Amino acid sequence: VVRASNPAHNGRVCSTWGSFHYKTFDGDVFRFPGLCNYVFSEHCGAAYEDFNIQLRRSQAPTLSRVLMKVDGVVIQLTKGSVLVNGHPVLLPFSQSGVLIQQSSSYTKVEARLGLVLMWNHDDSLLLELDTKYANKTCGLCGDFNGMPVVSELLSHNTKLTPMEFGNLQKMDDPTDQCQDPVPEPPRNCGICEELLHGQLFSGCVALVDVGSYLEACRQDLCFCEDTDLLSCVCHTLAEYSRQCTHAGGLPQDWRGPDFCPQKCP
Amino acid sequence: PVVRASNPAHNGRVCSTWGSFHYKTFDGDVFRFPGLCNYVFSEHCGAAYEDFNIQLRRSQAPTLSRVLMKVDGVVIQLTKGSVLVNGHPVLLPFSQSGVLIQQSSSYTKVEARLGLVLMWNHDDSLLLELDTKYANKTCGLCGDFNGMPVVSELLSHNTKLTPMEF
Amino acid sequence: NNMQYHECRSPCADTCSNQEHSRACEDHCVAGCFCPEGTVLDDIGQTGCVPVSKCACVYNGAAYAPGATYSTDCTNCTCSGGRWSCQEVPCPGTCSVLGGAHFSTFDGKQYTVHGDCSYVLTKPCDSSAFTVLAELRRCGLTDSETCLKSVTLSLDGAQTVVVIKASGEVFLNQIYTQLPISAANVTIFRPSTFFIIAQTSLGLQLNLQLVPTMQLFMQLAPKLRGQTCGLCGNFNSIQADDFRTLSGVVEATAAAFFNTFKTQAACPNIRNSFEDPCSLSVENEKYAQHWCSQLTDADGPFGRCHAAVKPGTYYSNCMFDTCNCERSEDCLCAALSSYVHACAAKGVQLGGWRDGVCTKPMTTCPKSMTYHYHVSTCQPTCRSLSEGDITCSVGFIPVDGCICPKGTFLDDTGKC
Amino acid sequence: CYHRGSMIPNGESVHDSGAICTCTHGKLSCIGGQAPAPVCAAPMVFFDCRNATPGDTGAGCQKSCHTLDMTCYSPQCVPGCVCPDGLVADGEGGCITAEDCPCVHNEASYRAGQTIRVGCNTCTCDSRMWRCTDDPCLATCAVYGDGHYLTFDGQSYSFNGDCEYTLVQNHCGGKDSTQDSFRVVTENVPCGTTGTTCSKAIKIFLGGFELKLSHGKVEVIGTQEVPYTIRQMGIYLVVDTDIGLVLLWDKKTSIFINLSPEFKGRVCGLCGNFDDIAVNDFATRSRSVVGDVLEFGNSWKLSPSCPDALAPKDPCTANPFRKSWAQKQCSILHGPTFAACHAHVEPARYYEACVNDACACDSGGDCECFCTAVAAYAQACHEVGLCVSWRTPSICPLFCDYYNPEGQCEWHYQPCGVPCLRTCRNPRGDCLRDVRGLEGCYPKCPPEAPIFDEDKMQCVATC
Amino acid sequence: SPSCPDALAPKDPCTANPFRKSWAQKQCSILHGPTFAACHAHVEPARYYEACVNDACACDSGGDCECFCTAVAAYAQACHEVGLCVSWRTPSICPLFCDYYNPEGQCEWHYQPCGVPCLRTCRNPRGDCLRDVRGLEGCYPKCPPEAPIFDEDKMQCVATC
Ligand SMILES: *[C@@H]1O[C@H](CO)[C@@H](O)[C@H](O)[C@H]1NC(C)=O
Ligand SMILES: *[C@@H]1O[C@H](CO)[C@@H](O)[C@H](O)[C@H]1NC(C)=O
Ligand SMILES: *[C@@H]1O[C@H](CO)[C@@H](O)[C@H](O)[C@H]1NC(C)=O
Ligand SMILES: *[C@@H]1O[C@H](CO)[C@@H](O)[C@H](O)[C@H]1NC(C)=O
Ligand SMILES: [Ca+2]
Ligand SMILES: [Ca+2]
Ligand SMILES: [Ca+2]
Ligand SMILES: [Ca+2]
Ligand SMILES: [Cu+2]
């Protein structure tokens, strides 16, 4: 009998969002601007692999393909297309304990072995894993053991950088050879300070630390290619709201007709 | 379970029909029954699941027209010049699901690995040889296979059954 | 036919295939048609009952005749009385290092260890007349991507050392030389741009494929049976003792015996895990299955070889290499070329097998060279025309690659 | 890029001193920025090729207790840790003499004078070498599952024949030889729909006597005294003969035939000819070695009129919907359950057979197929002295308590079994070896009643 | 979930998979033989036999023995609930590894068809059995008089908790 009464479960959630921002299961937040095919998360802790999720970006840090192997089922998610075992399917689609459903903002794949994948319309990928997979996974989401740095950024008593770790988590295509991203020097570049530290997210500060997301918002504001500075930080705020919801908090509405508007059917 | 065997005389395991409606049961009772209908030659009625069920039919000379065998879900129909397995004609020799059907110069033999051998010879004789594990568990024209000729075959309720009635 | 009807004879009838079936019978006697005494049934030809001396024999599905003979590379058999009488003949042995990790010893034992050091392939145990070393090194991010970077042939107690690198460079006694070389007890030449062949006078021959990856085929004369020892076994026709280390016992795993033939202490000890690379990527598995299944396709480009060489091991090597290594096409081409070379060694030619995949090497040789699927001769040169003798081993397993066209001689500046 | 004087193509990587350096854009970039100068503990000293005099190997010819070849092969200098002159590394950082290196066997180290057991012989470590006796002993032919065969000489193959096949027999060439003629014959039956076939009954013809092991019972068909000894130990039924032939039968599909060395080169059948050579074990009944497994198997059918077998379909390809389950069930052979045995028995062929049988066991009884496949590897592990426990209440349970009499608790599961357990036929408690690791339920008789009567199947004070 | 797809009518398990059908019947005949002869007058085995055959026909993805064991254990529990404790498990028919629970050197766990509603434990020290559960068969401990208490927290026989 296992008891769990703490709703805060950010430790079982890994996500990617914005300009190549990755949050591991253990809470580590880094930036890896890789456009290749990488292992998002796979079950390497056992002889038989229950799941294997890979994500690929394109160029606009937008995801182009998500590949899932869930107990003999191969699910490929492309923009406006879902393939199960190589054939196109019409959502909602249920097969072999895997349920794929589309909504006005996300595409969700739920696997009864205890995994949830959410590809949001903000080009953000989120993954909820069961606690039974702790200390048994690998990929860009960490080893899922609780320690943010141990056994992920340590190859052999060596402190790995996020670039090195992300390149280590690469899994390329047969005929598609990919070049690792070139580490670029900083560009030497505070809107996010008002909203993130304001009362609008106050009921969320006590549960999820904002420093990492503050840095992520600064990076997104500096790295994005249009001068919609008020509307170019929606992704980081949405990710912070998602993490607050996953932490047992109750975020209040922060959008508006002119500030990051969302359209509902 | 170790079972010893020394006597090679195994006439108690063999039932056959030949000639002018002559029948020999597993227990050694030889009688005549001039029936031209479809009759149960031998079937495994002593268990919840039936391992085998063999039926034979005669047509007029007392010729044998059809032999129907149900062997563990395999249906074999033997007619003059035709062998059907699950409703499909087959070319002999034919091996499937532990059942081997082979034709020789004088007979057609169906061997079932569960322990039965059926011989349809060219002098119009149908001979069945059963494994000893089926003793006291069969019924049909070949008797109940318990080593006693009259008891449990010619008795319905304490009475005596003539060979025609049986 | 001439069978007779009897009331009591054994149902186990003796035939040409089984001439002692009656003796090994468990059923009682029955009535039926039986062959006359002194004759057995002819099941091969269905010609009734024939005497034992007239019984035919069946080999590879083809019926032979009494007195007819067939021959393999290792034996010579003759049919008599329905049975094959076989005599052994001298038979050279073949060791193979393919893909940098797949080893097949002289006795046919096959294993797969991903080493990270220089290892002793073949060597006499009681002498140092010759010694072959392989530099198997990890050439990828993971520990299961091994490349054969060089092959070392040592002769007469390291008095003649030839190092052949994966880039085609040849070093004789630490001096970068130019092929062909006729050194002490060894001749090394280049039949094509794809292969380097080194033949020694001790009964040893090395075929080294350099395109796309370095692979080795060693051939040993029958005079060295039971005398060599290394990663290629002791060449004594027994597979059980091919994992016997120099200590004296036979190991149970390929990795444990493999790690005992290191040459340096700092080299890691390889432990064989149970990884399945094809399971780690959908696209890689699809590519490997699509392009490697041609080895086992009976009606494909390699179908004319399934009787000579069994393609199962080559199919497994193709799948593993294609799914594991980063350059999937290179490893797929290496596996296909290894199977083609084995077929050519068996005497089967599979020309035209590069249509569909591995097309690139056919269009990469120098300006005056052209590709050839079958190269069983030696390259003619201007020096060969002048002197009259060409430095070659005359007889070698046919190879493929880009050579000078017919009627054209290779000039000293690498031009036809 | 160039490393150690060797050209490294772009995209390739090298592994030096635990550092992985990849060659990209003509530059060798190492994981972790730069490899730090490695430091070797005393008495090993780091030798570098900066001051490399001609003819000096450095660390390129430094040997260890694992490098059994002491010849120096390096032509050029290689940096690394070097022990003092005339010393070799022991794998723990120290330096010892070559004669003092411990012996290595199956990923283990044994000091001088330690004893290991291979086959029937005993090997003692002595100055890096193994001293072993040269006593010949038996060979085991193992047939299990959907026609998985391993011959006396070690030839492993898969054959799916529907008829009765001669597993082993003597008097093959010349038909006279010596001894008394024996013949072990397997009876097969289709098991699945993909074309696979598994054994149903085993018939042993010895002298004028016949034993039929079928279902779960033995029949003495018979015709002197009976030259058989039937003994139920563990899950196995052991038939012992006085000619040197032992048969282990798991009572469902598995047979293990142990043949004494006196029968070398005098046997034939699907189990080979027992002459230490595995390639020639594919000898047909026409006495010709063939390459086709189907032809060799079909040549050994008892009845020439039985139809010849054909190549079956790939089970996991014909039945993909089961494949995952198979791969999820047979992964026990790769997990921590058998981790101690991976160094002594290679599980590759056992895992392949397990997956194939689970894929092909589509007509009913998947658990029996899986349990037989795993028990083959379990018996292989037990034969070499590894008492590995793998049966859980969810994985192939055994109902030992079924054998407990009313108000008694004696029967317990034994992985390696009880070789010498006191019984009526063995009052002194003797064990002849020759059978190892027969797992199953064995009785633990109390001191009050210490003799196990098999016929009564009870613990009694005296028989 | 309203968004979850509706379930459709499944195929006939013994028609889609006829090659299993015979086995299924031969496996499920235990529900009609002498094994459950005493229970046949108290629990009707018709629907249980039908479910057994259908499950064995449809258990084609792996683990048909689990399907068969569950189908027969349903009828076994129905029999046990009405006072009839039949012993149907054999080493070849749904074996139970009770010996797995024996501590090193001990022999306590036995298979009980009826179950032991009031075995003595330290959560019910007196030994009172609450009823309300009948015939929960399986492995139960028989603690010796030296240690007549069964501790489930540590799972062994002890004198007191
Ligand atoms: C995760 O597993 C490794 C495996 O040895 C272990 O060393 C480590 O302590 C584990 N971490 C946690 C948090 O349990
Ligand atoms: C055959 O079955 C009947 C019916 O119970 C029984 O009375 C008789 O004793 C049995 N005979 C033998 C030989 O078992
Ligand atoms: C086998 O050897 C004999 C005698 O040396 C020879 O005549 C015969 O041709 C050989 N077999 C073949 C197939 O050449
Ligand atoms: C060739 O080998 C033989 C035997 O190993 C040796 O006697 C001879 O000297 C070698 N040739 C040369 C040129 O050294
Ligand atoms: Ca960690
Ligand atoms: Ca009677
Ligand atoms: Ca050998
Ligand atoms: Ca042999
Ligand atoms: Cu959540």
Quick one: how many residues across the range D:338-367 are within 14 Å of chain E (Cβ to nearest Cβ) and among the β-branched types (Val, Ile, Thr)? 1
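Being at positive phi, over 23 Å from the mean Cα position of the chain (by Cα) and away from chain D (no Cβ under 12 Å) is true for just one of C:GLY67, C:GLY99, C:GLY61, C:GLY45. Which residue is that? Walk me through how you get there before you give the answer.
Values: C:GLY99 fails: over 23 Å from the mean Cα position of the chain (by Cα); C:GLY61 fails: away from chain D (no Cβ under 12 Å); C:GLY45 fails: at positive phi.
So the residue among C:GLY67, C:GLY99, C:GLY61, C:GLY45 that is at positive phi, over 23 Å from the mean Cα position of the chain (by Cα) and away from chain D (no Cβ under 12 Å) is C:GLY67.
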Return a yes/no flag: does the range A:140-163 have any residue that is within 14 Å of chain C (Cβ to nearest Cβ), away from ligand 8 (no atom under 16 Å from the Cβ), in contact with a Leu (Cβ under 9 Å, 6 or more places away or on another chain) and within 30 Å of C:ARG327 (Cβ to Cβ). yes
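Quick check on this structure: which one of D:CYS400, D:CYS420, D:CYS409, D:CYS381 is surrounded by 22 or more Cβ atoms within 10 Å (Cβ to Cβ) and either hydroxyl-bearing (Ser, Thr, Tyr) or farther than 26 Å from D:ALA353 by Cα (or both)? Reasoning before the result, please.
Working: D:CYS420 fails: surrounded by 22 or more Cβ atoms within 10 Å (Cβ to Cβ); D:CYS409 fails: surrounded by 22 or more Cβ atoms within 10 Å (Cβ to Cβ); D:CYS381 fails: either hydroxyl-bearing (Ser, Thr, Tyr) or farther than 26 Å from D:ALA353 by Cα (or both).
Sole residue among the options that is surrounded by 22 or more Cβ atoms within 10 Å (Cβ to Cβ) and either hydroxyl-bearing (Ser, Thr, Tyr) or farther than 26 Å from D:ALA353 by Cα (or both): D:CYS400.
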Scanning the range D:95-107 residue by residue, those more than 9 Å from chain C (Cβ to nearest Cβ) and surrounded by 13 or more Cβ atoms within 10 Å (Cβ to Cβ) turn out to be D:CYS95, D:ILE96, D:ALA98, D:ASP100, D:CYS101, D:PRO102
Have a look at D:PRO315, D:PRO320, D:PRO397 and point out the one that is closer than 24 Å to D:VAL293 by Cα and out of contact with any strand residue (DSSP E or B) (no Cβ under 9 Å at 6 or more places or on another chain). D:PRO315
Pairs, first facing another protein chain (nearest Cβ under 9 Å) in the range D:404-415, second of a type in the set (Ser, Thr, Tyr), C-beta under 6 Å, six or more apart: D:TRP411/D:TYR403
If I go through the range B:14-29 residue by residue, how many of them are within 14 Å of another protein chain (Cβ to nearest Cβ) and surrounded by fewer than 17 Cβ atoms within 10 Å (Cβ to Cβ)? 1
If you take the residues in the range C:228-243 that are under 20 Å from C:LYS262 (Cα atoms) and of a type in the set (S, T, N, Q), which one is nearest to ligand 1 (Cβ to nearest atom)? C:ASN234
Boolean, C:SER104 is farther than 30 Å from C:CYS16 by Cβ and within 16 Å of ligand 7 (Cβ to nearest atom): yes
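Just give me the residues in the range D:144-163 being away from chain B (no Cβ under 14 Å), assigned to a loop (DSSP other than H, G, I, E, B) and either within 19 Å of D:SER199 (Cβ to Cβ) or among the charged types (D, E, K, R) (or both), in sequence order. Reasoning before the result, please.
Filtering the range D:144-163 for residues away from chain B (no Cβ under 14 Å) gives D:144-159.
Next cut, assigned to a loop (DSSP other than H, G, I, E, B) only: D:145-147, D:151-155, D:159.
Across the range D:144-163, the qualifying residues are D:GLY145, D:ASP146, D:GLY147, D:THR151, D:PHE152, D:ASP153, D:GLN155, D:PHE159.
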Select, from C:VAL151, C:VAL163, the only residue that is under 18 Å from C:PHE195 (Cβ atoms) and at the interface with chain D (Cβ under 9 Å from one of its Cβ atoms). C:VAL163
Mind checking which residues of the range C:71-85 are over 23 Å from C:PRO51 (Cβ atoms) and within 12 Å of ligand 3 (Cβ to nearest atom)? C:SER71, C:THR72, C:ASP73, C:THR75, C:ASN76
Taking the range D:94-123 and keeping only residues that are over 30 Å from D:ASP56 (Cβ atoms) and in a loop (DSSP other than H, G, I, E, B), one is left with D:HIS105, D:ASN106, D:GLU107, D:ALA108, D:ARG111, D:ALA112, D:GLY113, D:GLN114, D:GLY119, D:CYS120
Pairs, please: C-beta under 8 Å, at least 6 apart or cross-chain, first residue away from chain D (no Cβ under 12 Å) and in the range E:55-79, second among the charged types (D, E, K, R)? E:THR70/E:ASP55; E:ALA71/E:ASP55; E:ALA76/E:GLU137; E:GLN77/E:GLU137
Among the listed residues C:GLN215, C:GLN239, which satisfies the condition of being touching a helix residue (DSSP H, G or I) at 6+ places or on another chain (Cβ under 8 Å) and more than 14 Å from ligand 7 (Cβ to nearest atom)? C:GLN215
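Can D:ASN273 be described as over 29 Å from B:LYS109 (Cβ atoms), more than 16 Å from ligand 6 (Cβ to nearest atom) and not in a loop (DSSP other than H, G, I, E, B)?
Values: over 29 Å from B:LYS109 (Cβ atoms): yes; more than 16 Å from ligand 6 (Cβ to nearest atom): yes; not in a loop (DSSP other than H, G, I, E, B): no.
It is false that D:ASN273 is over 29 Å from B:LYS109 (Cβ atoms), more than 16 Å from ligand 6 (Cβ to nearest atom) and not in a loop (DSSP other than H, G, I, E, B).
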Criterion: under 30 Å from D:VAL293 (Cβ atoms) and in contact with a strand residue (DSSP E or B) (Cβ under 7 Å, 6 or more places away or on another chain) - qualifying residue of C:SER316, C:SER338: C:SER338
List every residue pair whose Cβ atoms lie under 6 Å apart, where the two residues are 6 or more positions apart in sequence or sit on different chains, the first residue falls within the range D:1-13 and is closer than 22 Å to D:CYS49 by Cα and more than 9 Å from chain C (Cβ to nearest Cβ), and the second residue, located anywhere, is surrounded by 14 or more Cβ atoms within 10 Å (Cβ to Cβ) and not charged (D, E, K, R). D:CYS1/D:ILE8; D:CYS1/D:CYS23; D:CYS1/D:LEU28; D:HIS3/D:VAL14
I need every pair where a residue in the range C:172-189 that is farther than 15 Å from C:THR200 by Cβ and within 14 Å of chain D (Cβ to nearest Cβ) has its Cβ under 8 Å from the Cβ of a residue that is in a loop (DSSP other than H, G, I, E, B) and away from ligand 9 (no atom under 16 Å from the Cβ), sequence separation at least 6 or different chains. C:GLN174/D:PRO75; C:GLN174/D:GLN76; C:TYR176/C:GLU169
Which one is nearest to ligand 7 (Cβ to nearest atom) among residues in the range A:141-158 that are farther than 16 Å from A:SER15 by Cα and among the hydrophobic types (A, V, I, L, M, F, W, C)? A:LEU154
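State whether the residues of the range C:272-286 include one that is of a type in the set (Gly, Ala, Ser), within 8 Å of chain D (Cβ to nearest Cβ) and either surrounded by fewer than 21 Cβ atoms within 10 Å (Cβ to Cβ) or within 20 Å of D:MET70 (Cα to Cα) (or both). Write out each step before concluding.
Going residue by residue through the range C:272-286, those that are of a type in the set (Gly, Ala, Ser) are C:273, C:279, C:281.
Adding the requirement that they be within 8 Å of chain D (Cβ to nearest Cβ) leaves none.
Scanning the range C:272-286, I find no residue that is of a type in the set (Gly, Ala, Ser), within 8 Å of chain D (Cβ to nearest Cβ) and either surrounded by fewer than 21 Cβ atoms within 10 Å (Cβ to Cβ) or within 20 Å of D:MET70 (Cα to Cα) (or both), so the answer is no.
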So in the range C:238-262, with the set limited to residues that are within 24 Å of C:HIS341 (Cβ to Cβ) and out of contact with any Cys (no Cβ under 9 Å at 6 or more places or on another chain), which one is nearest to the other protein chains (Cβ to nearest Cβ)? C:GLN239
Residues that are touching a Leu at 6+ places or on another chain (Cβ under 7 Å) and hydrophobic (A, V, I, L, M, F, W, C), drawn from the range C:152-183: C:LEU153, C:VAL162, C:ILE164, C:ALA166, C:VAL170, C:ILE181, C:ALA183
Which of the residues belonging to the range A:159-173 are part of a loop (DSSP other than H, G, I, E, B) and of a type in the set (D, E, K, R)? A:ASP172, A:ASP173
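Is there a residue in the range D:297-306 that is aromatic (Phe, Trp, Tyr), part of a helix (DSSP H, G or I) and surrounded by 18 or more Cβ atoms within 10 Å (Cβ to Cβ)?
Narrowing the range D:297-306 to residues aromatic (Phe, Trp, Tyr): D:300.
If we keep only those that are part of a helix (DSSP H, G or I) too, we end up with none.
No, the range D:297-306 has no match at all.
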Is it the case that some residue within the range D:129-143 is in contact with a helix residue (DSSP H, G or I) (Cβ under 7 Å, 6 or more places away or on another chain) and within 13 Å of chain C (Cβ to nearest Cβ)? no
Those residues of the range B:119-166 which are within 17 Å of B:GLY19 (Cα to Cα) and either within 13 Å of ligand 6 (Cβ to nearest atom) or crowded, with 17+ Cβ neighbours inside 10 Å (or both) amount to B:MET119, B:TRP120, B:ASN121, B:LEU126, B:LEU127, B:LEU128, B:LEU141, B:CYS142
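Since every read-out is calculated from the coordinates, none of them should be taken as a lab result. In this analysis, Cβ positions are derived from the backbone assuming ideal geometry, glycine residues included, and neighbour counts consider all displayed protein chains.
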